[PDB]
Amino acid sequence: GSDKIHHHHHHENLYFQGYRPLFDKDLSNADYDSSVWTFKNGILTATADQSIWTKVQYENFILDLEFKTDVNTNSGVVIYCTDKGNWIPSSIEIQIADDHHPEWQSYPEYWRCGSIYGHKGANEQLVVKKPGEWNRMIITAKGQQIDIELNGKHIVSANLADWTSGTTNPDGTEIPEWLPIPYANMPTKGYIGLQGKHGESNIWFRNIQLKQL
């Protein structure tokens, strides 16, 4: 049937499951440029390619968020960040992309939405919805064991201990040159961030919540 407005998106409130919002309503517990990120009417959005970061570091957590894309959105969620200034080689990024834009067929699968970017792709392509629709992504980060759920599908399960090379994935495929640290050697505690607008199209987030395990 065609109803949206009378169906619940959760079996129970995440609050009772132990989740708390990652960011305060005024973003007072976040590091960001106020010219880039706004949190208005429940919705978090960026107008440039600068990230928003937690002020405290996290390990052994489940991060549950929603995101909406537009045509060719490019963004992501960053975990285990040990240096916000130099975050690229100092963190692990989970990609967010509008995989439906044909452009994404020009890039490896393990660069697309839901991937542990440059290291391991989704087990099923085009799990992200189309532009304009809310997606739900759940990242379980339990030391070296990383699990990603996207729109109810368990798309990625990875044990970072397998990444003994900084340049070569266990399957022999290339790791981007700019991600040189063997992920087996990466700290499993760090700041959490949302990448900003890395494309010319917008990214929106909402209901970003975290369960401390």
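Listed as the method for this PDB entry is X-ray crystallography; the listed resolution is 1.8500 Å.

Looking at the PDB entry, one finds the chain named Putative glycosylhydrolase and attributed to Parabacteroides distasonis. The title given to this entry in the Protein Data Bank is "Crystal structure of a putative glycosyl hydrolase (BDI_2473) from Parabacteroides distasonis ATCC 8503 at 1.85 A resolution".

As for the layout of surface pockets
Reported here for the largest pocket is a volume of approximately 520 Å³. Lining the largest pocket are 24 residues, with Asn74, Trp87, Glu93, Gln195 and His198 positioned closest to its centre. Counting residues per element, the lining of the largest pocket draws most heavily on strand β8 (residues 92-97), at 3 residues. Here the lining of the largest pocket is composed, by residue class, of 11 nonpolar, 9 polar and 4 charged. Of the voids in this model, the second largest pocket is the one considered here, and its volume is about 420 Å³. If you trace the second largest pocket, you find 17 residues lining it, with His9, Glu66, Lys129, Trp134 and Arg136 closest to the centre. Elements that contribute at least two residues to the lining of the second largest pocket include exactly β9 (134-142) and β10 (145-150). For the lining of the second largest pocket, the element with the most residues is β9, which contributes 4 residues. The class makeup of the residues in the lining of the second largest pocket is 3 nonpolar, 6 polar and 8 charged.

About the criteria used
Residues numbered from 1 in each chain as written, not as in the entry; some residues may be left out. Heavy atoms only, no water. Residues with missing side-chain atoms left out of burial classes, pairs and counts. 1 Å grid on protein atoms, 1.4 Å probe; cavity = no way out; pocket = protein on both sides within 12 Å on 5 of 7 lines; lining within 4 Å. Points joined across faces, edges and corners; volume = space filled by probe spheres on them. Helix = DSSP H or I, 4+ residues; strand = E, 2+ residues; numbered from the N terminus. Nonpolar A, V, L, I, M, F, W, Y, C, P; charged D, E, K, R; others polar.

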